[PDB]
Each structure stands twice: as structure tokens, then as C-alpha cells.
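Worksheet: the structure to be examined is printed underneath.
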Amino acid sequence: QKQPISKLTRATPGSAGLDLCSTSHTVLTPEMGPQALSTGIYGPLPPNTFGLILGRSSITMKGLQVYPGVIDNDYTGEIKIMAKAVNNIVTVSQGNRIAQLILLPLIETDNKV
Amino acid sequence: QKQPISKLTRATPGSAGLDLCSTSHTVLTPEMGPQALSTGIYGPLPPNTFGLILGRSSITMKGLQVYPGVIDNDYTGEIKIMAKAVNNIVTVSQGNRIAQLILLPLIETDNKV
Amino acid sequence: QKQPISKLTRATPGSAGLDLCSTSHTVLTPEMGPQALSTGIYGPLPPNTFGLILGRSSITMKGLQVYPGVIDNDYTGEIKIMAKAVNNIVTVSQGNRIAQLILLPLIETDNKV
Ligand SMILES: O=c1ccn([C@H]2C[C@H](O)[C@@H](COP(=O)(O)O)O2)c(=O)[nH]1
Ligand SMILES: O=c1ccn([C@H]2C[C@H](O)[C@@H](COP(=O)(O)O)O2)c(=O)[nH]1
Ligand SMILES: O=c1ccn([C@H]2C[C@H](O)[C@@H](COP(=O)(O)O)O2)c(=O)[nH]1
């Protein structure tokens, strides 16, 4: 894109997630397996947070599975949605809100690096 | 139901999750795809938190997949468990603990709404 | 093993997750359904935190699904990765980093126990 995370919108003040759409029209089938969908949105994330990509319920019920994805605080690449058609052919129109990004606190530990 | 989240119980003081059961007896097969299971439990959530629905390991190993679900802080509807039979026929008895609700902090950002 | 969580490493300072490998060579197929992979790493977790097991994207794209798993703060058993081959035969070499553990804050509520 390259657009940053600050450009994403949350649907309501109580909404935990920032909505993510695919930039492309994509058709998915079960036998295709996991596919990485492009968003045109780029890390990195606010200080001391990491990101979690999760599906929206509406889209899940429609047979599109979003695999939970961890976004590191310092990742500066494109944020892609890992998705699979569950049972049937799923068609993703450009600009449909497929997933959501949740920001979570990044806990410090003494683990080696 | 309508019952609130305060009515849920956690199995041990160290348990991260509040246990969720289905109110109905339900049979699930792989070709059915994602099904929304009723809990009779309703949002909303404590201030400055959001909720995450996740599966229990025992139930996962038994072939019932729970799709991660985000519950918004201000959602006042019924909390439903999005589930799928993975490989085989899964039978869910009324009152079996199928999923768990985790409460997480809702981080404030300057994202447009 | 028994090794504690403090022995795990994080790949970069910005990495949210602690990397998890299987201790065994394992072959997985779709018809096998969910399998619990041994890590040789044991709870419990730092005070006031709980753990979440999630997949790595690279491994997900390769057709290995990791089911999100909650680790309770006071769990003192072995941390196992719940996994399934999605579409094809997946082979897991001993010592490949399959999953990651994320630490999250454990919120106190007045829920009965
Ligand atoms: O597993 C789930 C996921 C979502 N919801 C409810 C709570 C959410 O705030 C609301 C809207 O979800 P989305 O379609 O925007 O994901 O649906 C559930 O009951 N269970
Ligand atoms: O992916 C997982 C999920 C759970 N557990 C362990 C830690 C939990 O505290 C314990 C009990 O899990 P449940 O059956 O209640 O989900 O199992 C794992 O090792 N890996
Ligand atoms: O759904 C996902 C999961 C991961 N990533 C990006 C951000 C991560 O920091 C980076 C590396 O992920 P891993 O392979 O280590 O999981 O990939 C995504 O864009 N989408």
C-alpha cells in the first residue's frame, strides 16, 4: 500500500478489533489450503503492544476460516490474513472486511533472545 | 437465558477462562460446516475489557473445533460458540463445557471510529 | 523434559511469542485429526499471567494447523501443541519450531470458583 495501522478504523468505540480487508478479489476452495491474503497494511505496532489477527464471526459462519496470526511489535512488513475455505467455495470481494486486528500488551520476561 | 457473564464460573483460581456450555443437545458433522451454538449467556463485558472465545483442549482432541471469537465490550447479545466437527460426528450434550471465555484488556488507540 | 518456560527463547526483542518445538519426529495426515505434540516444556507460568499457544505463519502456510490453546497460570504439566494436518501429509522433524507461546495478563474478576 504502504498504509500504517493508524489508518485502520474500529467500527464502534467498544469494538476490540481494527477491521482488515483484502486488497484483491480472491476465490478460495477447500483443496487450496491456507492462503495468505494481502491487505496493503503494514506494521510496526504501537510501543509495548503486539497484534493478533482473528476472523470476524459473520465471515467464519460463511465458511471462511482465518488462522490466528501473531504480529510482532517490530514487524514492518505487510500484514497478511492467513485464510482457508472450510467446506465450500468462498469468494472474497475486494474491500470486504475479512478479519480484524486486536492489539494486546506485550509482557516483558527474562527469556533469552 | 438471559444470564450475564458474572454468572459464569472458573474451575480453579489459576484458570484463565470462564467455562461455556451449550444450552442444547447438538449433533455436528464435518459437512455441516461452522455452526453457532447457543449458550444463554449475554454480554456486555466489564469496563475496559473485551472477551475471547476459545476451545477447551479435551474437546478439541475429541474432534470439535471452536473458532476463536472476539466479544466486544459493548456487545449485549447472546454469546454463541462458533464450532465445527473436524473429522467425525461430534455429539454435544446439553451442559457439556465446550469452550471458555477469556477476558483481555482493551487497549485505547487513536484509530478513527 | 522437565524444562520450565524460562528456558524458552524469543527470536527478537519485538517477538511476542516464545518458540515451541516438538521433541519427536511426527508424521500427520488429515484423517488423523487433532494430535497433541509433546514439547518437553512444563508450566507453571509467571504470577498473574496465563499462556496462549498459537501457530507460526510459516508452518500454517505449510498445511499444519495449530489449535489455540489456553495454558492456566497454575498448570504444572507438560505444554502440548494441539495440531492437525489440513490438506496434505505434514512431517514434523524433531526440533522444528512449530508453535509459539504468548504470555497475557490474567484479569481478576468476581466470578465464582
Ligand atoms: O464466537 C463468537 C464471535 C462473535 N460473537 C458476537 C460478539 C461480537 O461482538 C459480535 C460481532 O462479531 P463479528 O461479526 O463482528 O466478529 O458477535 C459471538 O457471540 N461469538
Ligand atoms: O494447547 C494446549 C491447550 C491446553 N493445554 C494444557 C494447559 C491447560 O491449562 C490444560 C487444561 O486445558 P483444558 O482442557 O481445560 O482446555 O491443558 C496444553 O498443554 N496445550
Ligand atoms: O497471520 C499472520 C501471521 C503472521 N504475519 C507476519 C507478522 C509476523 O510478525 C511475521 C512472522 O510470523 P511467524 O512466521 O514467525 O509466525 O509474519 C502476518 O502478516 N499475518
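Letters for chains follow the order of the C-alpha cells (A, B, ...), residue numbers begin at 1 for each chain, and ligand numbers begin at 1 in the order shown.
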
Quiz item: What are the DSSP strand (DSSP E) residues of chain B, as a PyMOL selection string?
Solution: chain B and resi 3-4+18-21+26-28+35-37+41-42+49-55+64-66+69-71+81-85+90-92+97-105

Print the selection's residues with N, CA and C atoms to a file, as a CSV table (one decimal), in the first residue's frame.
```csv
chain,number,residue,atom,x,y,z
B,3,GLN,N,-28.7,-14.7,30.9
B,3,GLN,CA,-27.8,-14.7,32.1
B,3,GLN,C,-26.6,-13.8,31.7
B,4,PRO,N,-26.1,-13.0,32.7
B,4,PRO,CA,-24.8,-12.3,32.4
B,4,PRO,C,-23.5,-13.1,32.6
B,18,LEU,N,-13.5,-18.5,31.6
B,18,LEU,CA,-14.8,-18.8,32.2
B,18,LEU,C,-15.4,-19.9,31.3
B,19,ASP,N,-15.9,-21.0,31.9
B,19,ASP,CA,-16.4,-22.1,31.1
B,19,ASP,C,-17.8,-21.7,30.5
B,20,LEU,N,-17.9,-22.2,29.2
B,20,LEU,CA,-19.1,-22.0,28.4
B,20,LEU,C,-19.7,-23.4,28.0
B,21,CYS,N,-21.0,-23.6,28.2
B,21,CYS,CA,-21.7,-24.8,27.8
B,21,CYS,C,-22.7,-24.5,26.7
B,26,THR,N,-26.7,-30.9,20.6
B,26,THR,CA,-26.5,-30.7,19.2
B,26,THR,C,-25.6,-31.8,18.6
B,27,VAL,N,-25.9,-32.3,17.4
B,27,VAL,CA,-25.1,-33.3,16.7
B,27,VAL,C,-24.4,-32.5,15.5
B,28,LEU,N,-23.1,-32.7,15.3
B,28,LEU,CA,-22.4,-31.9,14.3
B,28,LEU,C,-21.6,-32.9,13.4
B,35,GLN,N,-21.0,-24.0,12.9
B,35,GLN,CA,-22.4,-23.9,13.5
B,35,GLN,C,-22.2,-23.0,14.7
B,36,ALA,N,-23.2,-22.1,14.9
B,36,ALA,CA,-23.2,-21.2,16.1
B,36,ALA,C,-24.0,-21.9,17.2
B,37,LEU,N,-23.3,-22.3,18.3
B,37,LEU,CA,-24.0,-22.9,19.4
B,37,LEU,C,-24.5,-22.0,20.5
B,41,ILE,N,-25.8,-17.2,27.6
B,41,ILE,CA,-25.1,-16.1,28.3
B,41,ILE,C,-24.9,-14.9,27.4
B,42,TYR,N,-25.1,-13.7,28.0
B,42,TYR,CA,-25.2,-12.5,27.3
B,42,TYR,C,-24.1,-11.5,27.7
B,49,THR,N,-12.5,-4.1,29.1
B,49,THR,CA,-12.1,-5.4,28.7
B,49,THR,C,-12.9,-5.9,27.4
B,50,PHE,N,-12.3,-6.8,26.7
B,50,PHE,CA,-13.1,-7.5,25.6
B,50,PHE,C,-12.9,-9.0,25.9
B,51,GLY,N,-13.7,-9.8,25.2
B,51,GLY,CA,-13.7,-11.2,25.5
B,51,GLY,C,-13.2,-12.0,24.3
B,52,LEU,N,-12.6,-13.2,24.6
B,52,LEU,CA,-12.1,-14.1,23.5
B,52,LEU,C,-12.7,-15.5,23.8
B,53,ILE,N,-13.4,-16.1,22.8
B,53,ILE,CA,-13.9,-17.4,23.0
B,53,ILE,C,-12.9,-18.4,22.4
B,54,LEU,N,-12.6,-19.4,23.1
B,54,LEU,CA,-11.6,-20.4,22.6
B,54,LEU,C,-12.1,-21.7,23.1
B,55,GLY,N,-11.5,-22.8,22.5
B,55,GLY,CA,-11.9,-24.1,22.8
B,55,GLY,C,-11.2,-24.6,24.0
B,64,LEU,N,-13.9,-31.6,18.1
B,64,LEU,CA,-14.7,-30.4,17.9
B,64,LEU,C,-13.9,-29.2,17.9
B,65,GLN,N,-13.8,-28.5,16.7
B,65,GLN,CA,-13.0,-27.2,16.6
B,65,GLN,C,-13.9,-26.0,17.1
B,66,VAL,N,-13.4,-25.2,18.0
B,66,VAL,CA,-14.0,-23.9,18.3
B,66,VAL,C,-13.3,-22.8,17.6
B,69,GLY,N,-13.4,-16.4,18.9
B,69,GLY,CA,-14.3,-15.4,18.6
B,69,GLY,C,-14.1,-14.2,19.5
B,70,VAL,N,-14.2,-13.0,18.9
B,70,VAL,CA,-14.0,-11.8,19.7
B,70,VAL,C,-15.3,-11.3,20.2
B,71,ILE,N,-15.4,-11.0,21.5
B,71,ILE,CA,-16.6,-10.4,22.0
B,71,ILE,C,-16.3,-8.9,22.4
B,81,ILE,N,-21.0,-19.9,20.5
B,81,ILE,CA,-19.7,-20.6,20.3
B,81,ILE,C,-19.8,-21.0,18.8
B,82,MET,N,-18.8,-20.5,18.0
B,82,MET,CA,-18.7,-21.0,16.6
B,82,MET,C,-17.9,-22.3,16.6
B,83,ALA,N,-18.6,-23.4,16.1
B,83,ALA,CA,-17.9,-24.7,16.2
B,83,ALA,C,-18.0,-25.5,15.0
B,84,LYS,N,-17.0,-26.5,14.8
B,84,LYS,CA,-17.2,-27.4,13.6
B,84,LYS,C,-16.7,-28.8,14.0
B,85,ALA,N,-17.4,-29.8,13.6
B,85,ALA,CA,-16.8,-31.1,13.6
B,85,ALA,C,-15.7,-31.3,12.6
B,90,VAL,N,-19.6,-35.4,15.8
B,90,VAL,CA,-19.5,-34.9,17.2
B,90,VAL,C,-20.9,-34.7,17.8
B,91,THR,N,-21.1,-35.3,19.0
B,91,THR,CA,-22.3,-35.0,19.7
B,91,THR,C,-22.0,-34.2,21.0
B,92,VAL,N,-22.8,-33.1,21.1
B,92,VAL,CA,-22.6,-32.2,22.2
B,92,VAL,C,-23.9,-32.3,23.1
B,97,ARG,N,-19.2,-28.7,29.0
B,97,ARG,CA,-18.4,-27.4,28.8
B,97,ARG,C,-17.5,-27.5,27.6
B,98,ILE,N,-17.9,-26.7,26.6
B,98,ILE,CA,-17.4,-26.8,25.2
B,98,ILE,C,-16.3,-25.8,24.9
B,99,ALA,N,-16.3,-24.6,25.6
B,99,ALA,CA,-15.5,-23.5,25.3
B,99,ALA,C,-15.2,-22.8,26.5
B,100,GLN,N,-14.4,-21.7,26.4
B,100,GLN,CA,-14.1,-20.9,27.6
B,100,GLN,C,-14.0,-19.5,27.1
B,101,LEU,N,-14.4,-18.5,28.0
B,101,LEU,CA,-14.3,-17.1,27.7
B,101,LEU,C,-13.1,-16.6,28.4
B,102,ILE,N,-12.2,-15.9,27.7
B,102,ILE,CA,-11.1,-15.2,28.4
B,102,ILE,C,-11.3,-13.7,28.3
B,103,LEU,N,-11.1,-13.0,29.4
B,103,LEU,CA,-11.2,-11.5,29.4
B,103,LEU,C,-9.8,-11.0,29.2
B,104,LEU,N,-9.7,-10.0,28.3
B,104,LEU,CA,-8.5,-9.3,28.0
B,104,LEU,C,-8.6,-7.8,28.0
B,105,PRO,N,-7.5,-7.1,28.3
B,105,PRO,CA,-7.6,-5.7,28.3
B,105,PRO,C,-7.8,-5.0,26.9
```

Exercise. Define the interface residues of chain C facing chain A as those within 7 Å, counting only C-alpha atoms, and report them as a ChimeraX atom specification.
Key: /C:6-16,57,61,63,87,103-104

Keeping only N, CA, C and O atoms, write those residues as a compact mmCIF listing (two decimals), in the first residue's frame.
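Resulting contents of selection_20.txt:
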```txt
# COMPACT_ATOMS: atom_id res chain seq x y z
N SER C 6 11.03 -20.58 31.43
CA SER C 6 12.15 -19.64 31.46
C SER C 6 13.28 -20.07 30.52
O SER C 6 14.12 -19.25 30.14
N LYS C 7 13.28 -21.34 30.13
CA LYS C 7 14.29 -21.90 29.22
C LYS C 7 14.00 -21.62 27.74
O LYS C 7 14.90 -21.71 26.90
N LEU C 8 12.77 -21.24 27.43
CA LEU C 8 12.39 -20.87 26.06
C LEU C 8 13.02 -19.56 25.66
O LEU C 8 13.37 -18.73 26.52
N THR C 9 13.15 -19.36 24.35
CA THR C 9 13.81 -18.19 23.82
C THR C 9 12.83 -17.46 22.90
O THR C 9 11.92 -18.09 22.32
N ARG C 10 13.00 -16.14 22.83
CA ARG C 10 12.27 -15.35 21.85
C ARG C 10 13.22 -14.85 20.80
O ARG C 10 14.34 -14.42 21.10
N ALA C 11 12.78 -14.97 19.55
CA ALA C 11 13.66 -14.80 18.40
C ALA C 11 14.23 -13.39 18.26
O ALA C 11 15.32 -13.23 17.79
N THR C 12 13.47 -12.38 18.68
CA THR C 12 13.90 -10.99 18.59
C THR C 12 13.30 -10.29 19.79
O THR C 12 12.32 -10.79 20.35
N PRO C 13 13.88 -9.15 20.20
CA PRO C 13 13.23 -8.38 21.27
C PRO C 13 11.78 -7.95 21.00
O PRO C 13 11.05 -7.64 21.95
N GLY C 14 11.34 -7.92 19.74
CA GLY C 14 9.97 -7.47 19.43
C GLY C 14 8.98 -8.61 19.30
O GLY C 14 7.74 -8.38 19.29
N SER C 15 9.54 -9.82 19.23
CA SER C 15 8.77 -11.07 19.17
C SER C 15 7.81 -11.21 20.35
O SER C 15 8.24 -11.22 21.49
N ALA C 16 6.52 -11.35 20.07
CA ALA C 16 5.57 -11.55 21.12
C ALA C 16 5.71 -12.95 21.73
O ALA C 16 5.36 -13.14 22.89
N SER C 57 3.21 -18.54 11.30
CA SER C 57 2.60 -18.41 9.94
C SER C 57 3.20 -19.32 8.89
O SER C 57 2.48 -19.84 8.02
N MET C 61 1.08 -21.93 6.72
CA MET C 61 1.02 -21.95 5.27
C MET C 61 1.42 -23.28 4.70
O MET C 61 0.97 -23.64 3.63
N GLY C 63 0.45 -26.07 5.83
CA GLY C 63 -0.64 -27.02 5.98
C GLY C 63 -0.69 -27.64 7.38
O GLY C 63 -1.45 -28.56 7.59
N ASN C 87 -4.49 -30.40 4.78
CA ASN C 87 -4.87 -30.88 3.48
C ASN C 87 -4.04 -32.06 3.04
O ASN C 87 -4.57 -32.98 2.37
N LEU C 103 2.45 -14.85 26.41
CA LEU C 103 2.03 -14.57 27.79
C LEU C 103 1.11 -13.36 27.79
O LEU C 103 1.39 -12.33 27.11
N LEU C 104 0.00 -13.51 28.51
CA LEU C 104 -1.02 -12.48 28.60
C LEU C 104 -1.41 -12.25 30.06
O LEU C 104 -1.27 -13.14 30.90
```

Exercise. Could you find all residues in chain B that DSSP calls alpha helix (DSSP H) from the backbone, and write them as a VMD selection string?
Key: chain B and resid 57 to 61

Do you know which residues are at most 8 Å from residue 93 in chain C counting only C-alpha atoms, after dropping those on the same chain fewer than 3 positions away, and could you put them as a compact mmCIF listing (two decimals) with N, CA and C atoms, in the first residue's frame?
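The result, stored in out20.txt:
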```txt
# COMPACT_ATOMS: atom_id res chain seq x y z
N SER C 22 8.50 -29.58 18.75
CA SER C 22 8.19 -30.94 19.23
C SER C 22 9.47 -31.70 19.52
N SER C 24 9.60 -34.88 19.31
CA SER C 24 9.62 -36.07 18.47
C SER C 24 9.45 -35.79 16.97
N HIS C 25 9.92 -36.74 16.18
CA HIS C 25 9.61 -36.72 14.81
C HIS C 25 8.19 -37.23 14.68
N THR C 26 7.33 -36.44 14.06
CA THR C 26 5.96 -36.89 13.90
C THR C 26 5.43 -36.67 12.47
N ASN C 96 12.06 -28.71 14.96
CA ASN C 96 11.40 -27.64 14.19
C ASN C 96 10.47 -26.78 15.04
```

Practice problem: Find the residue from A:46, A:40, A:17, A:95 that sits nearest to ligand 3; use only C-alpha atoms and all ligand atoms when measuring. | Solution: A:40
